[PDB]
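J.: A single structure is presented below for examination.
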Amino acid sequence: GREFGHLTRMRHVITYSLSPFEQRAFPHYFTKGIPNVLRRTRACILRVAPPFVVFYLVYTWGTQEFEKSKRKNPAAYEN
Amino acid sequence: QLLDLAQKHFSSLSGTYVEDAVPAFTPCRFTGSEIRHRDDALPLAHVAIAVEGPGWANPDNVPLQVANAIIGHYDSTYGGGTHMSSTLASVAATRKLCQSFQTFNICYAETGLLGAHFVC
(Lines give C-alpha, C1' and ligand atoms only; values in the text may rest on other atoms or scores of the structure.)
Protein backbone atom coordinates (compact mmCIF):
# COMPACT_ATOMS: atom_id res chain seq x y z
CA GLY A 1 0.00 0.00 0.00
CA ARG A 2 2.23 2.79 1.29
CA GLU A 3 5.46 2.35 -0.67
CA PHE A 4 7.98 4.90 -1.90
CA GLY A 5 6.92 4.68 -5.55
CA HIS A 6 3.33 5.89 -5.27
CA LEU A 7 3.18 7.93 -2.04
CA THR A 8 2.35 11.27 -3.68
CA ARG A 9 2.70 13.35 -6.85
CA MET A 10 5.27 16.15 -6.80
CA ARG A 11 6.67 18.21 -9.67
CA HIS A 12 9.58 20.55 -10.36
CA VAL A 13 11.13 20.22 -6.89
CA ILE A 14 14.92 19.89 -7.19
CA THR A 15 16.92 18.76 -4.16
CA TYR A 16 20.71 18.99 -3.88
CA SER A 17 22.48 16.79 -1.33
CA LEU A 18 26.07 16.12 -0.27
CA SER A 19 27.90 12.91 0.56
CA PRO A 20 28.37 12.35 4.30
CA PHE A 21 32.10 11.86 3.82
CA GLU A 22 32.41 15.22 2.05
CA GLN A 23 30.74 17.22 4.85
CA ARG A 24 31.44 17.79 8.53
CA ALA A 25 29.34 15.99 11.12
CA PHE A 26 29.18 19.01 13.45
CA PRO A 27 29.14 22.17 11.32
CA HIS A 28 29.18 25.33 13.46
CA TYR A 29 27.82 23.25 16.31
CA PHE A 30 28.27 25.89 19.01
CA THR A 31 28.49 29.09 16.97
CA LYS A 32 25.07 28.43 15.42
CA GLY A 33 23.61 25.78 17.72
CA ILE A 34 23.63 27.83 20.91
CA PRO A 35 21.83 30.85 19.36
CA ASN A 36 19.25 28.50 17.85
CA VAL A 37 18.68 26.83 21.23
CA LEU A 38 18.27 30.25 22.81
CA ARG A 39 15.73 31.23 20.15
CA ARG A 40 13.75 28.02 20.65
CA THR A 41 13.77 28.51 24.42
CA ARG A 42 12.58 32.10 24.01
CA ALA A 43 9.71 31.00 21.78
CA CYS A 44 8.62 28.19 24.09
CA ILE A 45 9.19 29.62 27.57
CA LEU A 46 6.24 32.03 27.73
CA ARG A 47 3.87 29.16 26.95
CA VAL A 48 5.67 26.46 28.95
CA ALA A 49 6.95 27.94 32.22
CA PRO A 50 3.89 29.67 33.81
CA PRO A 51 1.96 26.45 34.52
CA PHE A 52 4.97 25.00 36.31
CA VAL A 53 5.51 28.27 38.16
CA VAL A 54 1.92 27.99 39.40
CA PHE A 55 2.59 24.38 40.38
CA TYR A 56 5.66 25.41 42.37
CA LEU A 57 3.67 28.11 44.15
CA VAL A 58 0.90 25.62 44.95
CA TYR A 59 3.42 23.06 46.20
CA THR A 60 5.19 25.52 48.50
CA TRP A 61 1.88 26.83 49.82
CA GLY A 62 0.62 23.32 50.50
CA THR A 63 3.78 22.20 52.27
CA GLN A 64 3.86 25.30 54.45
CA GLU A 65 0.14 25.04 55.23
CA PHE A 66 0.49 21.40 56.27
CA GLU A 67 3.44 22.30 58.50
CA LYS A 68 1.32 25.03 60.11
CA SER A 69 -1.56 22.59 60.57
CA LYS A 70 0.62 20.17 62.51
CA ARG A 71 1.87 23.03 64.69
CA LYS A 72 0.39 23.67 68.14
CA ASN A 73 -2.25 26.34 68.68
CA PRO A 74 -1.64 28.32 71.90
CA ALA A 75 -5.29 29.31 72.34
CA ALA A 76 -6.34 25.68 72.85
CA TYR A 77 -4.45 25.55 76.18
CA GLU A 78 -5.23 29.08 77.39
CA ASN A 79 -7.54 27.85 80.16
CA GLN B 1 50.38 17.37 -49.57
CA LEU B 2 48.44 17.97 -46.36
CA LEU B 3 51.52 19.46 -44.70
CA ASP B 4 52.14 21.76 -47.67
CA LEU B 5 48.52 22.92 -47.67
CA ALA B 6 48.77 23.55 -43.93
CA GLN B 7 51.94 25.61 -44.43
CA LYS B 8 50.12 27.55 -47.14
CA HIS B 9 47.01 28.39 -45.13
CA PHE B 10 47.28 27.83 -41.35
CA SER B 11 50.77 29.30 -41.00
CA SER B 12 49.56 32.79 -40.10
CA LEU B 13 47.76 31.54 -36.99
CA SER B 14 49.93 32.13 -33.94
CA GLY B 15 50.29 30.79 -30.42
CA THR B 16 51.28 34.07 -28.81
CA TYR B 17 48.83 35.31 -26.18
CA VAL B 18 48.01 39.01 -26.19
CA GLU B 19 49.63 40.73 -23.20
CA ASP B 20 50.84 37.27 -22.13
CA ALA B 21 47.38 36.39 -20.85
CA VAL B 22 47.81 32.62 -20.98
CA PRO B 23 44.90 30.41 -19.84
CA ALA B 24 46.07 27.88 -17.27
CA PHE B 25 44.57 24.41 -16.93
CA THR B 26 42.82 23.73 -13.63
CA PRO B 27 42.30 20.29 -12.04
CA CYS B 28 38.63 19.76 -11.20
CA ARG B 29 37.48 18.34 -7.87
CA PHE B 30 35.04 15.43 -7.87
CA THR B 31 32.29 15.89 -5.29
CA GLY B 32 30.08 12.98 -4.31
CA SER B 33 26.60 14.48 -4.46
CA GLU B 34 23.00 13.81 -5.43
CA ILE B 35 20.77 16.05 -7.54
CA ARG B 36 17.14 14.95 -7.91
CA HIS B 37 14.76 16.81 -10.21
CA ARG B 38 11.52 15.12 -9.16
CA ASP B 39 8.99 15.60 -11.97
CA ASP B 40 6.33 12.91 -11.61
CA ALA B 41 4.64 14.05 -14.82
CA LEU B 42 7.49 12.60 -16.87
CA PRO B 43 6.74 9.06 -18.14
CA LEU B 44 10.00 7.32 -17.22
CA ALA B 45 12.74 8.10 -14.73
CA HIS B 46 16.31 8.73 -15.86
CA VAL B 47 19.06 8.11 -13.31
CA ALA B 48 22.79 8.51 -13.92
CA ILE B 49 25.19 7.36 -11.21
CA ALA B 50 28.95 7.68 -11.55
CA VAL B 51 32.20 7.63 -9.60
CA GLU B 52 35.38 9.57 -10.27
CA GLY B 53 37.42 7.98 -13.03
CA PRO B 54 40.89 8.09 -14.52
CA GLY B 55 42.18 10.76 -16.83
CA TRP B 56 42.69 10.24 -20.53
CA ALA B 57 46.33 9.19 -20.20
CA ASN B 58 45.94 6.99 -17.12
CA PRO B 59 46.67 3.32 -17.95
CA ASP B 60 43.73 2.12 -15.82
CA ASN B 61 41.24 3.16 -18.52
CA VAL B 62 41.62 -0.13 -20.39
CA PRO B 63 40.77 -2.46 -17.46
CA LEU B 64 37.89 -0.15 -16.56
CA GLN B 65 36.56 -0.32 -20.11
CA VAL B 66 36.80 -4.11 -19.88
CA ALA B 67 34.85 -4.00 -16.61
CA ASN B 68 32.14 -1.79 -18.10
CA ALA B 69 31.89 -4.13 -21.08
CA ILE B 70 31.40 -6.95 -18.57
CA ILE B 71 28.56 -4.96 -17.02
CA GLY B 72 27.27 -4.35 -20.52
CA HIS B 73 24.38 -2.37 -21.91
CA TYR B 74 20.71 -3.19 -22.42
CA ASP B 75 17.73 -1.65 -24.18
CA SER B 76 14.20 -2.99 -24.39
CA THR B 77 14.68 -3.38 -28.15
CA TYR B 78 17.63 -5.77 -27.68
CA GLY B 79 16.83 -9.22 -29.01
CA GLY B 80 19.09 -11.15 -26.66
CA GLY B 81 16.89 -10.60 -23.63
CA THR B 82 17.19 -13.06 -20.77
CA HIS B 83 19.96 -15.14 -22.36
CA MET B 84 22.26 -12.12 -22.65
CA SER B 85 25.50 -12.67 -20.74
CA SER B 86 25.29 -9.46 -18.69
CA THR B 87 23.62 -10.38 -15.42
CA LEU B 88 22.14 -6.89 -15.08
CA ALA B 89 20.83 -7.05 -18.65
CA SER B 90 19.46 -10.55 -18.12
CA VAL B 91 17.62 -9.62 -14.93
CA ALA B 92 16.35 -6.38 -16.46
CA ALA B 93 14.95 -8.28 -19.45
CA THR B 94 13.42 -11.01 -17.27
CA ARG B 95 11.68 -8.59 -14.90
CA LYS B 96 11.28 -5.71 -17.41
CA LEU B 97 13.05 -3.53 -14.86
CA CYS B 98 14.32 -0.85 -17.23
CA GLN B 99 13.63 0.30 -20.77
CA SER B 100 17.35 0.93 -21.31
CA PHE B 101 20.58 0.88 -19.33
CA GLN B 102 24.08 1.66 -20.57
CA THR B 103 27.50 1.99 -18.96
CA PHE B 104 29.64 5.03 -19.73
CA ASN B 105 33.33 5.84 -19.27
CA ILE B 106 33.63 9.58 -19.84
CA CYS B 107 37.26 10.67 -19.49
CA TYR B 108 38.62 14.20 -19.23
CA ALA B 109 42.22 15.35 -18.90
CA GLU B 110 42.55 14.85 -15.13
CA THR B 111 39.20 13.38 -14.01
CA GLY B 112 36.40 11.31 -15.44
CA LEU B 113 32.89 10.06 -14.82
CA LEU B 114 32.66 6.27 -14.55
CA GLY B 115 29.22 4.74 -14.14
CA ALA B 116 25.96 3.86 -15.84
CA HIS B 117 22.74 5.52 -16.98
CA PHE B 118 19.45 3.63 -16.80
CA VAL B 119 15.87 4.55 -17.72
CA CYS B 120 13.28 2.59 -15.77
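Ordering of the C-alpha coordinates sets the chain letters (A, B, ...), residue numbers begin anew at 1 in every chain, and ligands are numbered from 1 in the order given.
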With a distance threshold of 8 Å and counting only C-alpha atoms, extract the residues of chain A near chain B and express them as an MDAnalysis selection string.

T.: chainID A and resid 9:19 22

J.: As an exercise, work out the distance from atom CA of residue B:120 to atom CA of residue B:91 in Å and give it to one decimal place.

T.: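 Interatomic distance here is 13.0 Å.
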
J.: Which residues come within 10 Å of stretch 55-64 of chain B, counting only C-alpha atoms, excluding same-chain residues fewer than 3 positions away, as number ranges by chain?

T.: B: 52, 67-70, 105-114

J.: Could you please determine the separation between atom CA of residue B:84 and atom CA of residue A:5 in Å, to one decimal place?

T.: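 It comes out at 28.5 Å.
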
J.: If I take atom CA of residue A:62 and atom CA of residue A:46, how far is one from the other in Å, to one decimal?

T.: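 Pair atom CA of residue A:62 / atom CA of residue A:46 returns 25.0 Å.
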